[PDB]
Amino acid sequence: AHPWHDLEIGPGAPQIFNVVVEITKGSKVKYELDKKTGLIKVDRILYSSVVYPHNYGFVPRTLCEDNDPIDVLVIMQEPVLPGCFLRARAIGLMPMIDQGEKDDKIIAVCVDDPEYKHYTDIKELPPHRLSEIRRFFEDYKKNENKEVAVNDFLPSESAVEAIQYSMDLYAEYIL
């Protein structure tokens, strides 16, 4: 199965959904889904001594402006390997601009992680969590001479709305 096209989004979508992990928490390797083959590829090694603050990936059968599936940061107890998928719930939305282009990130938790599965909204997290996440996106491409503007975090409902828009766009795209 191709992890973008062939993996279902999950019965609970847009609220609860499968996430295919591309990058493990703690990684300095920016892996990404290769859209054509469905394999995981090295996009680059990060240009700064920074690491992903959480497991990171995309939602199957979704589609955004940048012509990729929608991006998700998944907060949980443990690192998850690239190419594996998990079930997550959206708890917040982080709007950002990358080189003048819209690139929002979904903040999620894994609903099968007994520590984090009860979380419904980013306001419940230690405020520091959010601070670190924001800083990561402001920093991670700085040494590439690329500009990344991150805006104020938004509530779980803003993220569910984004996930829905992305499901609709994928559906129109499939022909």
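Numbering starts at 1 and runs along the sequence shown.
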On mean Cα temperature factor in this entry, is 108-116 or 121-129 the higher one?
121-129
Would 148-156 or 6-14 have the larger average of its C-alpha temperature factors, as given in the entry?
148-156
Lowest, middle or highest third - CA B-factor, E78:
lowest
Going by what the PDB entry lists, where does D43 fall on CA B-factor within its chain: lowest, middle or highest third?
lowest
Determine, from the deposited record, the chain-internal third of the Cα B-factor for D139: lowest, middle or highest.
middle
According to the PDB entry, is the CA B factor of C64 in the bottom, middle or top third of its chain, that is, lowest, middle or highest?
highest
Using the B-factor values recorded in the entry, state whether the Cα atom of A90 falls in the lowest, middle or highest third among the modelled residues of its chain.
middle
